[PDB]
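Containing PDB, N, CA and C atoms: work21.pdb.
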ATOM      1  N   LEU I 126     -21.248  -3.978  14.037
ATOM      2  CA  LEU I 126     -20.673  -5.331  14.279
ATOM      3  C   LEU I 126     -20.665  -6.142  12.981
ATOM      4  N   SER I 127     -21.508  -5.794  12.048
ATOM      5  CA  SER I 127     -21.546  -6.547  10.762
ATOM      6  C   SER I 127     -20.349  -6.160   9.891
ATOM      7  N   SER I 128     -19.919  -4.933   9.970
ATOM      8  CA  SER I 128     -18.752  -4.499   9.151
ATOM      9  C   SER I 128     -17.502  -5.295   9.546
ATOM     10  N   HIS I 129     -17.533  -5.952  10.676
ATOM     11  CA  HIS I 129     -16.346  -6.740  11.114
ATOM     12  C   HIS I 129     -16.143  -7.956  10.203
ATOM     13  N   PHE I 130     -17.174  -8.726   9.976
ATOM     14  CA  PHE I 130     -17.023  -9.924   9.099
ATOM     15  C   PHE I 130     -16.951  -9.506   7.626
ATOM     16  N   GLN I 131     -17.345  -8.300   7.321
ATOM     17  CA  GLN I 131     -17.283  -7.836   5.907
ATOM     18  C   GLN I 131     -15.878  -7.313   5.582
ATOM     19  N   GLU I 132     -14.921  -7.539   6.450
ATOM     20  CA  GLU I 132     -13.540  -7.049   6.174
ATOM     21  C   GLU I 132     -12.968  -7.754   4.930
ATOM     22  N   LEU I 133     -11.736  -8.208   4.970
ATOM     23  CA  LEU I 133     -11.146  -8.883   3.773
ATOM     24  C   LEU I 133     -11.159  -7.923   2.577
ATOM     25  N   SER I 134     -12.226  -7.884   1.828
ATOM     26  CA  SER I 134     -12.276  -6.952   0.665
ATOM     27  C   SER I 134     -12.188  -5.500   1.148
ATOM     28  N   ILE I 135     -12.419  -5.271   2.410
ATOM     29  CA  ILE I 135     -12.356  -3.881   2.943
ATOM     30  C   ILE I 135     -10.994  -3.247   2.650
ATOM     31  N   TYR I 136      -9.918  -3.956   2.867
ATOM     32  CA  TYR I 136      -8.585  -3.357   2.582
ATOM     33  C   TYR I 136      -8.257  -3.495   1.092
ATOM     34  N   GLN I 137      -8.976  -4.324   0.377
ATOM     35  CA  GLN I 137      -8.697  -4.457  -1.079
ATOM     36  C   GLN I 137      -8.912  -3.096  -1.734
ATOM     37  N   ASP I 138      -9.930  -2.383  -1.321
ATOM     38  CA  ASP I 138     -10.156  -1.032  -1.899
ATOM     39  C   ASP I 138      -8.954  -0.159  -1.542
ATOM     40  N   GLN I 139      -8.435  -0.340  -0.356
ATOM     41  CA  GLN I 139      -7.244   0.441   0.076
ATOM     42  C   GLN I 139      -6.033   0.020  -0.759
ATOM     43  N   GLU I 140      -5.884  -1.258  -0.990
ATOM     44  CA  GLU I 140      -4.737  -1.745  -1.805
ATOM     45  C   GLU I 140      -4.746  -1.062  -3.172
ATOM     46  N   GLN I 141      -5.881  -1.020  -3.813
ATOM     47  CA  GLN I 141      -5.955  -0.359  -5.145
ATOM     48  C   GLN I 141      -5.471   1.087  -5.029
ATOM     49  N   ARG I 142      -5.917   1.790  -4.024
ATOM     50  CA  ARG I 142      -5.478   3.204  -3.849
ATOM     51  C   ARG I 142      -3.950   3.278  -3.819
ATOM     52  N   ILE I 143      -3.324   2.473  -3.002
ATOM     53  CA  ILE I 143      -1.835   2.496  -2.928
ATOM     54  C   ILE I 143      -1.235   1.828  -4.174
ATOM     55  N   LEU I 144      -1.788   0.722  -4.595
ATOM     56  CA  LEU I 144      -1.245   0.030  -5.800
ATOM     57  C   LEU I 144      -1.265   0.971  -7.008
ATOM     58  N   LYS I 145      -2.399   1.541  -7.318
ATOM     59  CA  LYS I 145      -2.467   2.466  -8.486
ATOM     60  C   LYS I 145      -1.417   3.569  -8.337
ATOM     61  N   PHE I 146      -1.333   4.167  -7.181
ATOM     62  CA  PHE I 146      -0.324   5.243  -6.973
ATOM     63  C   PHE I 146       1.084   4.673  -7.176
ATOM     64  N   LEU I 147       1.434   3.638  -6.460
ATOM     65  CA  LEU I 147       2.795   3.045  -6.628
ATOM     66  C   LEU I 147       3.080   2.804  -8.113
ATOM     67  N   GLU I 148       2.052   2.572  -8.885
ATOM     68  CA  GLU I 148       2.250   2.347 -10.345
ATOM     69  C   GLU I 148       2.500   3.683 -11.057
ATOM     70  N   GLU I 149       1.875   4.742 -10.606
ATOM     71  CA  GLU I 149       2.079   6.064 -11.266
ATOM     72  C   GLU I 149       3.464   6.630 -10.913
ATOM     73  N   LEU I 150       4.036   6.179  -9.829
ATOM     74  CA  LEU I 150       5.378   6.683  -9.424
ATOM     75  C   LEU I 150       6.435   6.262 -10.448
ATOM     76  N   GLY I 151       6.669   4.985 -10.584
ATOM     77  CA  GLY I 151       7.685   4.515 -11.566
ATOM     78  C   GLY I 151       8.763   3.707 -10.840
ATOM     79  N   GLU I 152       9.177   2.608 -11.407
ATOM     80  CA  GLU I 152      10.226   1.778 -10.748
ATOM     81  C   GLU I 152      11.494   2.607 -10.525
ATOM     82  N   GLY I 153      11.711   3.065  -9.323
ATOM     83  CA  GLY I 153      12.928   3.878  -9.044
ATOM     84  C   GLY I 153      12.693   4.735  -7.798
ATOM     85  N   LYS I 154      12.043   5.856  -7.952
ATOM     86  CA  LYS I 154      11.782   6.734  -6.775
ATOM     87  C   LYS I 154      10.643   6.158  -5.929
ATOM     88  N   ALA I 155      10.926   5.161  -5.137
ATOM     89  CA  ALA I 155       9.859   4.557  -4.288
ATOM     90  C   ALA I 155       9.316   5.593  -3.300
ATOM     91  N   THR I 156       8.116   5.399  -2.824
ATOM     92  CA  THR I 156       7.531   6.372  -1.856
ATOM     93  C   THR I 156       7.384   5.723  -0.478
ATOM     94  N   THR I 157       7.565   6.483   0.566
ATOM     95  CA  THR I 157       7.441   5.909   1.941
ATOM     96  C   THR I 157       5.978   5.915   2.383
ATOM     97  N   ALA I 158       5.604   5.018   3.262
ATOM     98  CA  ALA I 158       4.188   4.982   3.739
ATOM     99  C   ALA I 158       3.741   6.385   4.156
ATOM    100  N   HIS I 159       4.633   7.160   4.707
ATOM    101  CA  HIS I 159       4.265   8.547   5.099
ATOM    102  C   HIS I 159       3.772   9.283   3.845
ATOM    103  N   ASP I 160       4.466   9.116   2.752
ATOM    104  CA  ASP I 160       4.044   9.776   1.486
ATOM    105  C   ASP I 160       2.763   9.114   0.968
ATOM    106  N   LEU I 161       2.641   7.825   1.148
ATOM    107  CA  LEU I 161       1.417   7.113   0.680
ATOM    108  C   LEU I 161       0.171   7.790   1.257
ATOM    109  N   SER I 162       0.160   8.023   2.542
ATOM    110  CA  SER I 162      -1.021   8.675   3.179
ATOM    111  C   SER I 162      -1.235  10.077   2.603
ATOM    112  N   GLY I 163      -0.194  10.699   2.122
ATOM    113  CA  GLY I 163      -0.342  12.067   1.552
ATOM    114  C   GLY I 163      -0.861  11.970   0.116
ATOM    115  N   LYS I 164      -0.136  11.306  -0.741
ATOM    116  CA  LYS I 164      -0.583  11.174  -2.159
ATOM    117  C   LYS I 164      -2.016  10.648  -2.221
ATOM    118  N   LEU I 165      -2.434   9.929  -1.220
ATOM    119  CA  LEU I 165      -3.813   9.363  -1.234
ATOM    120  C   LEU I 165      -4.689  10.062  -0.192
ATOM    121  N   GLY I 166      -4.261  10.074   1.041
ATOM    122  CA  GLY I 166      -5.070  10.730   2.106
ATOM    123  C   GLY I 166      -5.284   9.741   3.254
ATOM    124  N   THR I 167      -5.205   8.468   2.973
ATOM    125  CA  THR I 167      -5.399   7.449   4.044
ATOM    126  C   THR I 167      -4.350   7.642   5.146
ATOM    127  N   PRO I 168      -4.742   7.367   6.365
ATOM    128  CA  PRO I 168      -3.808   7.515   7.509
ATOM    129  C   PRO I 168      -2.699   6.461   7.427
ATOM    130  N   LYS I 169      -1.511   6.802   7.851
ATOM    131  CA  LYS I 169      -0.376   5.829   7.787
ATOM    132  C   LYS I 169      -0.793   4.462   8.342
ATOM    133  N   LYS I 170      -1.450   4.437   9.471
ATOM    134  CA  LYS I 170      -1.883   3.132  10.061
ATOM    135  C   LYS I 170      -2.567   2.264   8.998
ATOM    136  N   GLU I 171      -3.327   2.868   8.125
ATOM    137  CA  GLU I 171      -4.004   2.080   7.057
ATOM    138  C   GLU I 171      -3.023   1.852   5.908
ATOM    139  N   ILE I 172      -2.133   2.782   5.705
ATOM    140  CA  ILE I 172      -1.133   2.641   4.613
ATOM    141  C   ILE I 172      -0.176   1.494   4.929
ATOM    142  N   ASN I 173       0.403   1.489   6.100
ATOM    143  CA  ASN I 173       1.334   0.382   6.458
ATOM    144  C   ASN I 173       0.601  -0.954   6.325
ATOM    145  N   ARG I 174      -0.576  -1.035   6.879
ATOM    146  CA  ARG I 174      -1.375  -2.290   6.787
ATOM    147  C   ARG I 174      -1.487  -2.724   5.322
ATOM    148  N   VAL I 175      -1.939  -1.841   4.481
ATOM    149  CA  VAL I 175      -2.081  -2.179   3.041
ATOM    150  C   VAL I 175      -0.692  -2.323   2.406
ATOM    151  N   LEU I 176       0.237  -1.485   2.780
ATOM    152  CA  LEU I 176       1.607  -1.593   2.207
ATOM    153  C   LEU I 176       2.147  -3.003   2.451
ATOM    154  N   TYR I 177       1.985  -3.504   3.646
ATOM    155  CA  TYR I 177       2.474  -4.876   3.950
ATOM    156  C   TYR I 177       1.673  -5.895   3.139
ATOM    157  N   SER I 178       0.376  -5.733   3.084
ATOM    158  CA  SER I 178      -0.458  -6.687   2.298
ATOM    159  C   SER I 178       0.065  -6.753   0.862
ATOM    160  N   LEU I 179       0.489  -5.639   0.325
ATOM    161  CA  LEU I 179       1.034  -5.641  -1.061
ATOM    162  C   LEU I 179       2.405  -6.313  -1.050
ATOM    163  N   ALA I 180       3.279  -5.850  -0.200
ATOM    164  CA  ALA I 180       4.635  -6.456  -0.109
ATOM    165  C   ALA I 180       4.514  -7.964   0.120
ATOM    166  N   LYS I 181       3.550  -8.374   0.899
ATOM    167  CA  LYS I 181       3.363  -9.830   1.161
ATOM    168  C   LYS I 181       2.683 -10.495  -0.041
ATOM    169  N   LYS I 182       2.066  -9.718  -0.889
ATOM    170  CA  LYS I 182       1.384 -10.293  -2.079
ATOM    171  C   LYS I 182       2.406 -10.604  -3.174
ATOM    172  N   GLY I 183       3.462  -9.846  -3.231
ATOM    173  CA  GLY I 183       4.496 -10.078  -4.276
ATOM    174  C   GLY I 183       4.354  -9.018  -5.374
ATOM    175  N   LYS I 184       3.685  -7.932  -5.086
ATOM    176  CA  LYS I 184       3.512  -6.868  -6.115
ATOM    177  C   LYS I 184       4.264  -5.599  -5.705
ATOM    178  N   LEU I 185       4.533  -5.434  -4.437
ATOM    179  CA  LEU I 185       5.260  -4.214  -3.986
ATOM    180  C   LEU I 185       6.743  -4.518  -3.782
ATOM    181  N   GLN I 186       7.544  -3.498  -3.750
ATOM    182  CA  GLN I 186       9.007  -3.688  -3.539
ATOM    183  C   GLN I 186       9.506  -2.683  -2.497
ATOM    184  N   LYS I 187       9.517  -3.062  -1.249
ATOM    185  CA  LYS I 187       9.978  -2.121  -0.189
ATOM    186  C   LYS I 187      11.474  -1.836  -0.335
ATOM    187  N   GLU I 188      11.894  -0.657   0.030
ATOM    188  CA  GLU I 188      13.338  -0.309  -0.078
ATOM    189  C   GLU I 188      13.909  -0.021   1.312
ATOM    190  N   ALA I 189      14.828  -0.833   1.765
ATOM    191  CA  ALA I 189      15.427  -0.618   3.115
ATOM    192  C   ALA I 189      15.849   0.844   3.296
ATOM    193  N   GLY I 190      15.636   1.386   4.463
ATOM    194  CA  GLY I 190      16.020   2.804   4.708
ATOM    195  C   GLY I 190      15.249   3.335   5.918
ATOM    196  N   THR I 191      15.143   4.629   6.047
ATOM    197  CA  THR I 191      14.402   5.205   7.205
ATOM    198  C   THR I 191      13.843   6.595   6.839
ATOM    199  N   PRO I 192      12.568   6.667   6.491
ATOM    200  CA  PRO I 192      11.681   5.468   6.448
ATOM    201  C   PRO I 192      11.895   4.684   5.150
ATOM    202  N   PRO I 193      11.485   3.440   5.166
ATOM    203  CA  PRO I 193      11.633   2.577   3.968
ATOM    204  C   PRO I 193      10.681   3.041   2.863
ATOM    205  N   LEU I 194      11.102   2.957   1.630
ATOM    206  CA  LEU I 194      10.220   3.405   0.512
ATOM    207  C   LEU I 194       9.526   2.205  -0.137
ATOM    208  N   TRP I 195       8.417   2.433  -0.788
ATOM    209  CA  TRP I 195       7.692   1.310  -1.446
ATOM    210  C   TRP I 195       7.514   1.591  -2.939
ATOM    211  N   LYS I 196       7.785   0.623  -3.766
ATOM    212  CA  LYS I 196       7.617   0.823  -5.233
ATOM    213  C   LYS I 196       7.150  -0.482  -5.885
ATOM    214  N   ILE I 197       6.314  -0.393  -6.885
ATOM    215  CA  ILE I 197       5.815  -1.630  -7.562
ATOM    216  C   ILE I 197       6.982  -2.568  -7.896
ATOM    217  N   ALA I 198       6.830  -3.832  -7.615
ATOM    218  CA  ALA I 198       7.924  -4.798  -7.913
ATOM    219  C   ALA I 198       7.864  -5.231  -9.379
ATOM    220  N   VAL I 199       8.739  -4.715 -10.198
ATOM    221  CA  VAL I 199       8.731  -5.098 -11.639
ATOM    222  C   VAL I 199       9.052  -6.588 -11.791
ATOM    223  N   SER I 200       8.049  -7.422 -11.813
ATOM    224  CA  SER I 200       8.299  -8.885 -11.959
ATOM    225  C   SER I 200       8.070  -9.318 -13.409
ATOM    226  N   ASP I 201       8.993  -9.016 -14.281
ATOM    227  CA  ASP I 201       8.827  -9.412 -15.709
ATOM    228  C   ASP I 201       8.703 -10.933 -15.826
TER     229      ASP I 201
END

Would you give me this structure, written as structure tokens?
Amino acid sequence: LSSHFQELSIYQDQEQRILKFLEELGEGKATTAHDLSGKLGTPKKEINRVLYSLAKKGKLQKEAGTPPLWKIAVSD
């Protein structure tokens, strides 16, 4: 029950896992959350959660499609 209030930073560790990977990919060939769980290992349910947290942060760049791909948002 204590791990519940200790959340917040809990997904931050997950964000780094996806963020670092999205950075190793390269602005162009975005990866889909399905691939995120593979390149890293985290289950899609955790990938989408973190993927949205990044997209909502202003650092990720989702690509419309099916499934949609995710790539670091080059904000020069």

* Asked: Pick from I:193, I:158, I:185, I:131: nearest to residue 172 (chain I), with all atoms listed in the file counted?
  ->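 Selected residue with least distance to residue 172 (chain I): I:158.
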
* **Residues of chain I in helix (DSSP H, G or I), written as a PyMOL selection string** => chain I and resi 127-130+134-150+158-165+169-182

* Quick one: everything within 10 Å of residue 152 (chain I), counting only C-alpha atoms, minus sequence neighbours fewer than 3 positions away in the same chain. Send it as a PyMOL selection string. => chain I and resi 147-149+155+186+195-199

* Explicit residue set for the PyMOL selection byres ((chain I and resi 134-142) around 8), as a list in words ->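 Residues picked by the PyMOL selection byres ((chain I and resi 134-142) around 8): residues 130, 131, 132, 133, 143, 144, 145, 146, 147, 148, 161, 164, 165, 171, 172, 174, 175, 176, 178 and 179 of chain I.
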
Quick one: axis-aligned box around all listed atoms of region 157-163 of chain I, 4 Å on every side, centre and edge lengths in Å to one decimal, written as lines of an AutoDock Vina configuration file.
center_x = 3.2
center_y = 8.5
center_z = 2.6
size_x = 16.8
size_y = 15.1
size_z = 13.0

* To one decimal in Å, tell me the separation between CA of residue 190 (chain I) and CA of residue 156 (chain I). =>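 The value is 11.3 Å.
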
* Report the distance between CA of residue 127 (chain I) and CA of residue 169 (chain I) in Å, rounded to one decimal place. =>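 Interatomic distance, CA of residue 127 (chain I) to CA of residue 169 (chain I): 24.7 Å.
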
* **atom N of residue 166 (chain I) to atom N of residue 153 (chain I), straight-line distance in Å** =>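 Straight-line distance from atom N of residue 153 (chain I) to atom N of residue 166 (chain I) works out to 20.3 Å.
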
* To do: Could you give me, as a PyMOL selection string, each residue of chain I that DSSP assigns to strand (DSSP E or B) when run on this structure's backbone?
  => chain I and resi 156-157+185-188+194-197

* Give the answer as one residue: which of I:200, I:154, I:194, I:189 has the shortest atom-to-atom distance to residue 173 (chain I), using only C-alpha atoms? =>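 So, comparing all the options, the nearest one is I:194.
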
* To do: Please identify all polymer residues lying at most 8 Å from the point (5.5, 7.0, 10.0) (file coordinates), using only N, CA and C atoms, and present the result as a list in words.
  => residues 157, 158, 159, 160, 169, 170 and 192 of chain I
